[PDB]
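Data block below; observations after.
Number of protein chains: 2
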Amino acid sequence: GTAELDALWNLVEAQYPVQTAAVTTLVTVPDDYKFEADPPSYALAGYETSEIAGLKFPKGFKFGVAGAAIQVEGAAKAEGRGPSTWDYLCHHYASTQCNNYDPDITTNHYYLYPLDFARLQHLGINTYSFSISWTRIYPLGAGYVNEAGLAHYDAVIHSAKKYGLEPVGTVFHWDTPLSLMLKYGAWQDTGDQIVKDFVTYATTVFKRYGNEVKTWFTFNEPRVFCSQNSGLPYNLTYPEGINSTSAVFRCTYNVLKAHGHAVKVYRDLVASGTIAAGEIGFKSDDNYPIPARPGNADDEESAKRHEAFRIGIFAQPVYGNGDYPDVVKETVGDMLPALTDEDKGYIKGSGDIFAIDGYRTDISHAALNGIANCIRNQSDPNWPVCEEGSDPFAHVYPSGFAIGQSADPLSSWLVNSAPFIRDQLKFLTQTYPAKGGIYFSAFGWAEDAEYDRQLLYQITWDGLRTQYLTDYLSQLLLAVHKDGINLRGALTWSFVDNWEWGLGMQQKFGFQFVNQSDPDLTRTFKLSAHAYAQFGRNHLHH
Amino acid sequence: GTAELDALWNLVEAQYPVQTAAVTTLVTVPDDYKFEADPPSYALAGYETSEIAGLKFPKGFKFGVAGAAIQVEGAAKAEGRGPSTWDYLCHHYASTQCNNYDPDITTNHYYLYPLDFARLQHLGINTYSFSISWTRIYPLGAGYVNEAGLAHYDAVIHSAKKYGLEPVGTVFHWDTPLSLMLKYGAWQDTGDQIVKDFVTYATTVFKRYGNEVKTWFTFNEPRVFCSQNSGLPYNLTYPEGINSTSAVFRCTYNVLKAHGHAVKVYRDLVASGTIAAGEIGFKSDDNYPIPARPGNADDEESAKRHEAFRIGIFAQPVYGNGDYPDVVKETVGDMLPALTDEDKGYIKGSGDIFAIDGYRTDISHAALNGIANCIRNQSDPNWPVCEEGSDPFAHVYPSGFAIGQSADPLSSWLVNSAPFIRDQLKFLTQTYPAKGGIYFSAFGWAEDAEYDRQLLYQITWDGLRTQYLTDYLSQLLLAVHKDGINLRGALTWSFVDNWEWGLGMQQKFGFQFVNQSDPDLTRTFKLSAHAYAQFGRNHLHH
Ligand SMILES: OC[C@H]1O[C@@H](O[C@@H]2[C@H](O)[C@@H](O)[C@H](O[C@H]3[C@H](O)[C@@H](O)[C@@H](O)O[C@@H]3CO)O[C@@H]2CO)[C@H](O)[C@@H](O)[C@H]1O
Ligand SMILES: OC[C@H]1O[C@@H](O[C@@H]2[C@H](O)[C@@H](O)[C@H](O[C@H]3[C@H](O)[C@@H](O)[C@@H](O)O[C@@H]3CO)O[C@@H]2CO)[C@H](O)[C@@H](O)[C@H]1O
Ligand SMILES: *[C@@H]1O[C@H](CO)[C@@H](O[C@@H]2O[C@H](CO)[C@@H](O)[C@H](O)[C@H]2NC(C)=O)[C@H](O)[C@H]1NC(C)=O
Ligand SMILES: *[C@@H]1O[C@H](CO)[C@@H](O[C@@H]2O[C@H](CO)[C@@H](O)[C@H](O)[C@H]2NC(C)=O)[C@H](O)[C@H]1NC(C)=O
Ligand SMILES: *[C@@H]1O[C@H](CO)[C@@H](O)[C@H](O)[C@H]1NC(C)=O
Ligand SMILES: *[C@@H]1O[C@H](CO)[C@@H](O)[C@H](O)[C@H]1NC(C)=O
Ligand SMILES: *[C@@H]1O[C@H](CO)[C@@H](O)[C@H](O)[C@H]1NC(C)=O
Ligand SMILES: *[C@@H]1O[C@H](CO)[C@@H](O)[C@H](O)[C@H]1NC(C)=O
Ligand SMILES: *[C@H]1O[C@H](CO)[C@@H](O)[C@H](O)[C@@H]1O
Ligand SMILES: *[C@H]1O[C@H](CO)[C@@H](O)[C@H](O)[C@@H]1O
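In the order they appear, the protein sequences are chains A and B. Heads up, the first sequence is in this note's numbering, so the first residue is 1 and it goes up one at a time. Heads up, the second sequence is in this note's numbering, so the first residue is 1001 and it goes up one at a time.
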């Protein structure tokens, strides 16, 4: 091994070493694998509305699940991988930033992916969304390439297709190479090295997999990702001139450039015939919130500010007119870099497909101390949106009632807001049109206190997750038939309980349970998985 | 004699005294009382299915709520009340038996009943089920009567009727006078003084209220109650030869005798014209489970034994042939006093109406070591039912999936088993026929971890309780029209988060939240409260 690689992992493991999973050997799926038995036939009763009878998704609709490399894989040091910022963060600040978990092992999907795909095939899933661990490809972020890393995902893509699973690839899902952060501040780079290094990485994976993967996303939820750059460990290494309030908007600019340059490479690769033709975008999230008091110009202004800061700041340069929303530039000023002419050439139109992580719709209350007062105070707790961002407002009507069912309070951003899906999709497809249509790239549930159950039968009958997915899929189906949305697919987060960033393995978003108390991390289907399978059975073509 | 109440309350308050609520006056309800606003109109959908469309409950159907004196009243020492066994227990074993709560104050419904009823009227409730604290009437259980106690419930009954709530009265809901337990044991009385004392007590309340209260239950869930007499504080004072076990079955007989004698008096009072004619029974609970493996003779046997020990042991003497179930006679008997013919003369036919606290339906797995070996070993953990009684069996098919959604793990006995309700009602009304029909006398939900929520909007959108109540009401509604069941009403446990026995105020059963972190214990409506209200509008007569 290369010494700089060893130094980085020594650094990360200075307080505690990377833990090694029970089993570390590509598992083999016996042809006689026995799935656990189906739930009672009555369990799925009355989840569906009669309003969707006979309706089918379009031919080719992507009906699938989502995971992310660092969230499901484990094998943090296997086969030459280098450390990311999250390996460092959680090996150094586990008790204050990571709920005493780390991503060393997670669900062990790095070694168990063949079994997972077999279990996904049993439910009729037809699409598998995954992310590439950058550090499996470039262990130092730049420089030498790790052939074992490229080869792992070769094997991953082939088994999935073997199990009927169309692979959909995200190049970057938040697992920043630690090395690039130390060298020059990674996404806070005041220069352009992060773009050069990212495009090289993207070129390699495009060349290696572009013949097999025909739907690509550059970045997963860049607004959420860049907002993290205001925190540890990014703020141990800010470049000179960089604050922790602008680490988010310098990241915004660097990310928009990385996306544009990468899409050009992807399109050049297609136009040269090197890889099969496909579609590329990035996954947006959040929403265009409803005013707390309808018709009130203040609530509408804070709703617009929210859309612009949570969606427009990335989607308007790419799928709209090619510039930032006007409200963002005016409030942030010189913290947000201006788009040079060359930048707009790459960024504007650099999205074949729109993708929305449509977990929910919020409610926007204008700041009680005034939006005009708030936008002028970077120290205001509601800056820069200048709505009331705290939970007792963002989810609550003046009536005091919530917009909808709340999920686990540790993921209090999450609510069941199915009635609003069709409105978001009309807004997104009219404002950020993409020639390839729109994906529902991530929706899912954290059932309240599911981590405190100790007996499996209590876990597997997961009613509120099971009806979220049904509510959401139903509105998705009506968006196609009643609204003509060019909806390309529905991907649920996630297929297994996994490592949910700062919340670790405590928070359960899976429709399969993962027995952390089992060295084998053995798997078992929840009711919500069978509801997902059946909705597929009723509303997919075959 | 005297009012040696002081000796008794000093005993109870020996470790710490009874706490006094912040409000100890009768509240007055302003005519302009403003209710909190309704939830979004787009709520309540997908609960009511298409299958119960156009169906109505019978004219006069009691569509109401249930509470109990020691669970909602508080005022444990107000206006002359004597102590109950639960006052003693929770002031002495708070940390080990009462989850560090006591019923001193509870929801303070003793003083807030006018506001509670005004709020119930706002939802269109027409029936209010309540119990009388025996110790408010006879503070020493027998002897001197507390006129203030009798007069309090006069004011409650008159106010309830004023708010459109037909009052339904339960004579005894587990609050045994401590004095009677100490004097000669409670229901473990080897003589017959407890029957005399109860009958004297029942007569007083029948005379005072029978012109206003026309539906009566003697005992709430006596099988559950008598099983409590195997625990503290009852087992500090058994009058030998009564050992634990020999405590549950002496109680069953004394209660059956108490029930039969009290019902006879009730009938003499009606027949003499002293009180308006009404109906009287008792509230059964539990269920006749389903065999884990259908057609298996062992699972069918343990299911039958379960019904017999949980329903038949009280219901067969009262509504059936007048004797214990044969399987009960065969296993116990040497612990169970024989029902004399004079006993049978009072007990047989002493139920004008049946009532089932139909929380759930269980699954019966025959004991893994054989029923025959379990029944002959009083020390087997599965004696005397000799099914597998533990949670991983009682709720689980051999397939490993649950019978239905589980509730809060501290009330793990509770599951949503709506699909089996109709099957339960046919068995009960064909096996234990009553001329007045059958009441669904309690059902309700303990929403998982609702006690851990910190923000009101998260508490009030209670999706699975809303679901539970609509699912059950829908099956009740289908039971009348498809099965012709003479179902007389539906009463939900409960209208407010109350004091659940040993769990104290931690467990949340209300369709209104009671902010126990208030000096006023302010009530706020949950979604299930409006769901209960909405179902009434859609399916009641009025
Ligand atoms: O399963 C995890 C879940 O996380 C979700 O992110 C949530 C919101 O979508 C996102 O807007 C919000 O943004 C936070 C950021 O994470 C915090 O670090 C902090 O800086 O404040 C921001 C808001 O100002 O984060 C939420 C979770 O914390 C993802 O959307 C979802 O895909 C899942 O990954
Ligand atoms: O408070 C919630 C709910 O509790 C219900 O009682 C539960 C079961 O119905 C009942 O069968 C069970 O009986 C227990 C008993 O409490 C124990 O002391 C011991 O004897 O084991 C028995 C089971 O074999 O108790 C359950 C709650 O503890 C009530 O019926 C209902 O009204 C509610 O109060
Ligand atoms: C560096 O990032 C850290 C941690 O991610 C920020 O830590 C937060 O600090 C604020 C201010 O005290 C606390 O209120 C937060 O609760 C901390 N967040 C959590 C939970 O991690 C820290 O402020 C950032 N440092 C700088 C440069 O400001
Ligand atoms: C998660 O795995 C643990 C460990 O394997 C399980 O605990 C064991 O359960 C088996 C059931 O066959 C028992 O035979 C063992 O005795 C248990 N081990 C212990 C700790 O005593 C646990 O049941 C699993 N949890 C779930 C939800 O499946
Ligand atoms: C007496 O009661 C307590 C619970 O109240 C119980 O633990 C104990 O086992 C009971 N029986 C005996 C043996 O006294
Ligand atoms: C209780 O007494 C019965 C007889 O009434 C006896 O058979 C049983 O073994 C005793 N058990 C104890 C000591 O709990
Ligand atoms: C009775 O059951 C106990 C366990 O509950 C067992 O240990 C004891 O040996 C049994 N006695 C017989 C002979 O069944
Ligand atoms: C209960 O009331 C207290 C004080 O008024 C308040 O702080 C708290 O938010 C209330 N509880 C809820 C969750 O509504
Ligand atoms: C995976 O890695 C482990 C290291 O603990 C080995 O023991 C195993 O043989 C496999 O190579
Ligand atoms: C009891 O009466 C007092 C006044 O004596 C009130 O303040 C209270 O609200 C309740 O009505």
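We treat Cβ as the ideally placed atom computed from N, Cα and C, and that holds for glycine.
Output needed in chain order: residues of the stretch 386-397 of chain A with a Cβ under 9 Å from some Cβ in chain B. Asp391, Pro392, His395, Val396, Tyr397
Burial state of A/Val23, where buried means 16 or more other Cβ atoms lie within 10 Å: exposed
Assigned secondary structure, B/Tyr1439 (DSSP; H/G/I helix, E/B strand, else coil): strand
Rounded to whole angstroms, what's the CA-CA distance from A/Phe509 to B/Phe1525? Just pull it up for me. 29 Å
With three or more beta-carbon pairs closer than 8 Å as the criterion, would you say the stretch 1418-1425 of chain B touches the stretch 1478-1490 of chain B? yes
Reference B/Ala1186; option with closest CA among B/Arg1136, B/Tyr1253, B/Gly1124, B/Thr1203: B/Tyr1253
With DSSP collapsed to three states, give me the class of A/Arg537. helix
Can you tell me whether A/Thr522 is buried or exposed? The criterion is at least 16 other CB atoms within 10 Å of its CB, across all chains shown. exposed
Given 8 Å as the limit, is there contact between the stretch 1073-1092 of chain B and the stretch 1006-1022 of chain B, that is, 3 or more CB pairs closer than that? yes
Which residues in chain A have a C-beta closer than 7 Å to the C-beta of B/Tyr1184? List them in chain order. Correct list: empty, because the minimum Cβ distance to chain A is about 43 Å.
So, at 6 Å on beta carbons, what are the nonlocal neighbours of A/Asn220 in its own chain, with the 5 sequence-adjacent residues on each side left out? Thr170, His173, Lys283
Which residues are close to ligand 7, meaning CB closer than 5 Å to any heavy atom, in chain order? B/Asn1377, B/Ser1379, B/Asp1380
Between which two residues does the beta strand (DSSP E) harbouring B/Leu1487 extend? 1487-1492
For B/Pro1384, name the three-state secondary structure that DSSP assigns. coil
Chain-order list of residues whose beta-carbon lies under 7 Å from that of B/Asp1352 (same chain, five-residue window excluded): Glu1279, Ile1280, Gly1281, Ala1434, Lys1435, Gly1436
A/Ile371 versus A/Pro384, A/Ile363, A/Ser379, residue with shortest Cα-Cα distance: A/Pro384
Using the beta-carbon of each residue, which ones in chain A are nearer than 8 Å to residue 1550 of chain B? The requested residue 1550 of chain B does not occur in the structure, where chain B is confined to residues 1001 to 1542.
Who are A/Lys283's beta bridge partners in DSSP? A/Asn220, A/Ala355
Note down the Cα distance separating A/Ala69 from B/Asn1108, rounded to an integer number of angstroms. 54 Å
Inter-stretch contact (C-beta, 8 Å, three-pair minimum) for the stretch 1235-1246 of chain B and the stretch 1195-1204 of chain B: no
Can you give me the C-alpha to C-alpha distance between A/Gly358 and A/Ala262, rounded to a whole angstrom? 25 Å
For ligand 5, I want to know if B/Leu1232 counts as a neighbour, meaning its beta carbon is within less than 7 Å of at least one of the ligand's heavy atoms. yes
Against chain B, does A/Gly46 count as a neighbour if the rule is that its beta carbon must be under 8 Å from one of theirs? yes
Contact residues within the stretch 1443-1459 of chain B, judged by C-beta distance below 8 Å to chain A: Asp1448, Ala1449, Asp1452, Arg1453, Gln1454, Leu1455, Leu1456, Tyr1457, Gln1458
Helix, strand or coil, according to DSSP, for B/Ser1084 in the structure here? strand
Between the stretch 408-425 of chain A and chain B, which residues of the former have a C-beta closer than 7 Å to a C-beta of the latter? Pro409, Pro419
Can the beta-carbon of B/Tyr1324 be found less than 8 Å from the beta-carbon of B/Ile1363? no
How about A/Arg453 and B/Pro1409: do their beta carbons lie closer than 8 Å? yes
Looking at chain B, which residues of the stretch 227-247 of chain A have a Cβ within less than 8 Å of any of its Cβ atoms? none
The stretch 1313-1345 of chain B: which residues have C-beta closer than 9 Å to a C-beta of chain A, in chain order? none
For A/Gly295, does the three-state DSSP call read helix, strand or coil? coil
Inter-residue CB distance, A/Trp461 and B/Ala1402 (contact presumed, cutoff 8 Å): 5 Å
Thinking just about the alpha-carbon of each residue, which of A/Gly191, A/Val29, A/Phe35 is nearest to the one in A/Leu112? A/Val29
When we look at the beta-carbon of A/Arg376 and count the other beta-carbons within 10 Å, is it buried (16 or more) or exposed? exposed
Does any CB atom of chain B fall closer than 8 Å to the CB of A/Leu165? no
Is residue 543 of chain A close to chain B? Criterion is C-beta to C-beta, closer than 8 Å. A query on residue 543 of chain A cannot be resolved here, the shown segment of chain A reaching from 1 to 542 and no further.
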